Amino acid sequence: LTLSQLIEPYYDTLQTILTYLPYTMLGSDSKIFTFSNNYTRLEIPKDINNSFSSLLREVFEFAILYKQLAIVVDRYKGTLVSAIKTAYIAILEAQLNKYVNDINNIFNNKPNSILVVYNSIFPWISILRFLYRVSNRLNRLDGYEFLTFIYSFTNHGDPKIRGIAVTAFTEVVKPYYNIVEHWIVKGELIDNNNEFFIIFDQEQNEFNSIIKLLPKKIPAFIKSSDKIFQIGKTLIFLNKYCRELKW
Amino acid sequence: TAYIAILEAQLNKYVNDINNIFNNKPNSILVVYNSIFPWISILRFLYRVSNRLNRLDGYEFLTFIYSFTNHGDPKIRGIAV
Amino acid sequence: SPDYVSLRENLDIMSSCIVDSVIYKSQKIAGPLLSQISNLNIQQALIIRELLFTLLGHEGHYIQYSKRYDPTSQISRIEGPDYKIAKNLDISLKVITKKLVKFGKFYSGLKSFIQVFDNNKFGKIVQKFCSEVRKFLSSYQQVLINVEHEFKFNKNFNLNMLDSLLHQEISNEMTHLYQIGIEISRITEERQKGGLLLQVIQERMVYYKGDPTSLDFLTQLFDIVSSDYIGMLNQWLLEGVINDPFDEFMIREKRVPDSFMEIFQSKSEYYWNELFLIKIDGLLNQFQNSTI
Amino acid sequence: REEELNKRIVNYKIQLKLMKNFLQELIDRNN
Amino acid sequence: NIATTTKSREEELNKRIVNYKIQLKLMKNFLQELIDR
């Protein structure tokens, strides 16, 4: 007889866990694990002795965090108006899709114990924690403060954290570069919200002062800003006052 | 330090040998003794050398070990070299 | 009483989100008394089952945290918990277990070290070291999984085999990482009453200068950890640009206050001769030369 | 005799260092 | 006695002191301009 058999009579606890664990990991209610309080806490049932409960408390960190991220993604999918936050939500959805596929792989290969499950998903601790922390501040932070907040993480020394930060920053910053592209090429302003370093003044009654620069909002990753402003102003002047549409 | 490193390697081999001797359920004390018998010279030599790791300096220790490489016994000279 | 796993309420980007300072008051399922069991095989299997969870830092039915371990204190978490073994275990099994328990202490200490020292205020060197610690933990769990598989299917498995395997496989690297981490904790708590990691590794490496495997591991760790510092130095000497805003780099360029901008623009000599400095604290012995 | 000149030289070295440290302190505090 | 040499020792020391009196006074003027604002 193996070691695990001789202990069976003297050790009582509810493979059955692995039967209902995949449904709990995907942020869904289970016969033995039930969420409560708007999916902010998970109740471990009776008949799970000290050790297994202590181990599960580490595994269930992924389930609750993923459920919170899924709630955020489903809630703010098409409600936010700012382009920066929308791009952030898009990359967040992509990351969650990858996580779900990873879980499906971990449980397609029938696992032997809870520990192999924990080890398989272990590399996702930093990604999930970072995404939860950033999404937690999607409300108070404005369109530009959010971009600056993410940008500060691209310098993180940790390859995993900096990898996810620089992965998300590309798509988060693309809309800003689209604003700059429209301003540079045609000479027009797109951002309806205050998330750019060039603005207008409808109340003004003279050309040279309708457009003004905001030196405080100039991002660090942009270059030759004082030339971008002049290019855009001269374009507006040419295509709306001189009416030289051909050139 | 290098001497301690090789000593640790030898002790690891000895522990693995003991594990083999008792994984094969022995019948009596004598089979146990015969199985580990070839380790008498290695253990005695290592204990004797390590006993003088304090008083001997860095170079005197090297010269002390070097004198055993000329030992005629294949087992003792094997471990010394 | 119901059991709940609830969400807890320079930001710590890797600090545990859920509550983990919960210590169970009494066992949820009452197991057999250890004194009641007299057979050696049963005791060995029971202690093995309890030990698999202990090695990850969790409590068991027969291995319990010492009353001195307070999760609130930072130093207590960093140094890891101390375990007490039930008095009714067999003497030989108790000794062997007391040797193996230390591995759970190191693992818990490292896991709590990551959740504290991996933020922006501790610099790129410490962050990159936390990366190594997290990769080592991932490797160590594959040593624990194999042990569990052998316990489950191998009939010849016994406590001595576990002791020999763990000691011969993962003890050395774990000891190195734990010692470096606890030394960092000691130094950083002393300084409150960054680049210092390289000094700790170099100081640590003097004792293992003759050991091949330990020296190889320490040299590899030093090489990967220092790579960020080499990046800063390379950019400084090739393009004259300082990049990382953590003030880690030795050549400290400082911003002129807005109140003095007009003054410093006129007298650019003082701008270019006073607002570039060399931070002597973070210098290695290679750069400890005036001309260099 | 020239000992006196050397002594004054070192005194002015210290005074210059103090002035530079004063500049650094002032700038650090204003920031 | 200290060796005599073709180069004027006292001249070198005096020039060093004068160059240390220019740096001090320029630094003082700059600090005065900095403090009064």
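All Cβ positions, even for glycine, are placed from backbone atoms using ideal geometry, and neighbour counts span all protein chains on display. No lab work stands behind these numbers, since they all come straight from the coordinates.
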> In terms of the ratio Rg/(2.2 N^0.38 Å) built on C-alpha atoms, what value belongs to region C:34-104?
Replying inline: 1.15
> In the structure displayed, which of C:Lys279/E:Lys28; C:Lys279/D:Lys17; D:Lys20/E:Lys28 lie more than 18 Å apart, Cα to Cα?
Replying inline: C:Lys279/E:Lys28
> How would you rank A:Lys216, A:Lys233, going from fewest to most other Cβ atoms within 10 Å of each one's own Cβ?
Replying inline: A:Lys216, A:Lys233
> Looking at this model, which pairs from B:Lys25/C:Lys155; B:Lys25/C:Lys98; A:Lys46/C:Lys25; A:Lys85/C:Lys124 are more than 22 angstrom apart at the alpha-carbon?
Replying inline: B:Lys25/C:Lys98; A:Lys85/C:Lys124
>> Just to be sure I understand the curve: with the Debye formula and one point per C-alpha of region C:75-129, what is log10 I(q)/I(0) at q = 0.18, 0.23, 0.31 Å⁻¹?
In response: -0.67, -0.86, -1.11
>> Spelling out what I want: for every residue of region A:129-141, take phi, set θ = phi - 60°, compute 6.51 cos²θ - 1.76 cosθ + 1.60 (Karplus), and round to whole Hz; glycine and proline get x.
In response: 4, 4, 5, 5, 5, 5, 5, 5, 10, 7, 8, 5, 5
>> If I model a spin label at D:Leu26 and C:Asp3 as a point 7 Å from the Cα along the Cα→Cβ vector, what separation in nanometres do I get?
In response: 6.6
> On average, how much area does the Cα convex hull of the protein assembly as shown cover when viewed from any direction, in nm²?
Replying inline: 51.3
>> Viscosity 1.002 mPa s, temperature 20 °C: give me the Stokes-Einstein translational D for region A:123-244 in µm²/s, with Rh taken as the Kirkwood radius over C-alpha pairs.
In response: 130
> Which FRET efficiency value, to the nearest 0.05, is calculated for B:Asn19 and C:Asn289 with the Förster distance at 60 angstrom and r the Cβ-Cβ distance?
Replying inline: 0.65
> Tell me, what ³J(HN,Hα) does each residue in region A:232-247 have, in order and in whole Hz, if you take phi through Karplus 6.51 cos²θ - 1.76 cosθ + 1.60 with θ = phi - 60° and put x for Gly and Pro?
Replying inline: x, 4, 5, 4, 3, 4, 5, 8, 10, 9, 6, 6, 8, 6, 5, 5
> If each Cα of region C:149-209 is one equal point scatterer, what is log10 of I(q)/I(0) from the Debye formula at q = 0.15, 0.24, 0.28 Å⁻¹?
Replying inline: -0.63, -1.00, -1.17
>> Quick check: Cα centre of region C:156-209 to Cα centre of region A:157-219, how many Å?
In response: 48
>> Cross-link candidates for E:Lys25: which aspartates and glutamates have Cα within less than 13 Å, leaving aside residues fewer than 8 places away along the same chain?
In response: E:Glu33
> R0 = 30 Å: FRET efficiency of C:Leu33 with C:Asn160, Cβ-based, nearest 0.05?
Replying inline: 0.75
>> If packing is taken as the average number of other Cβ atoms within 10 Å across a peptide's residues, how do A:61-68, A:156-163, C:219-226 rank, most packed first?
In response: A:61-68, A:156-163, C:219-226
> Extent of chain A along each principal axis, from alpha carbon coordinates, in Å, largest to smallest?
Replying inline: 94, 34, 31
> Using the Cα atoms as the points, what is the convex hull volume per residue of region C:1-122 in Å³?
Replying inline: 116
> Once chain B is represented by equal point scatterers at the alpha-carbon sites, with solvent omitted, what log10 I(q)/I(0) does the Debye formula produce at q = 0.11, 0.12, 0.27 Å⁻¹?
Replying inline: -0.37, -0.43, -1.36
> For C:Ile251, which sequence-distant residues (separation of 5 or more, or a different chain) have an amide H within less than 5 Å of its own amide H, given hydrogens modelled in the peptide plane?
Replying inline: C:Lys279
>> From the helices alone, meaning DSSP H stretches of at least four residues, give me the mean residue ellipticity at 222 nm for chain A, per-run term -39500 (n - 2.57), in deg cm²/dmol to the nearest 500.
In response: -18500 deg cm²/dmol
> So which of C:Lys84/C:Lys152; A:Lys67/C:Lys111; A:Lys77/A:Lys233; A:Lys216/C:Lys128; A:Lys98/C:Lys99; C:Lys128/C:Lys267 end up more than 31 Å apart by C-alpha?
Replying inline: A:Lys77/A:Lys233; A:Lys216/C:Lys128; A:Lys98/C:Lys99; C:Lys128/C:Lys267
>> Quick query: amide H of A:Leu42 versus all other amide H atoms, modeled in the peptide plane; which residues come in under 5 Å with a sequence gap of 5 or more or a different chain?
In response: C:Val5, C:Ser6
> Between region A:100-117 and chain E, what is the C-alpha centre distance in whole Å?
Replying inline: 77
> Could you give me the ³J(HN,Hα) list for region C:119-127, computed from phi with Karplus coefficients 6.51, -1.76, 1.60 and θ = phi - 60°, whole Hz, x at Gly and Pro?
Replying inline: 9, 5, 6, 9, x, 5, 5, 5, 4
> So if we plug the beta-carbon distance of B:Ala5 and A:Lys98 into 1/(1 + (r/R0)^6) with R0 = 35 Å, what FRET efficiency do we get, rounded to 0.05?
Replying inline: 0.20
> What residues have an amide H closer than 5 Å to that of A:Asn49, excluding those fewer than 5 places away on the same chain, when H is modeled at 1.01 Å from N in the peptide plane?
Replying inline: A:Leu14
> In whole Å, what is the distance between the alpha-carbon centres of region B:39-61 and region C:43-67?
Replying inline: 40
> Between A:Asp29 and A:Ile190, 0.36 nm times their residue separation minus their Cα-Cα distance comes to what?
Replying inline: 53.5 nm
> Exposure proxy check: C:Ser38, C:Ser6 ranked by fewest other beta carbons within 10 Å?
Replying inline: C:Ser38, C:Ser6
> What average count of beta carbons from other chains do you get within 10 Å of the Cβ of residues in C:15-23?
Replying inline: 4
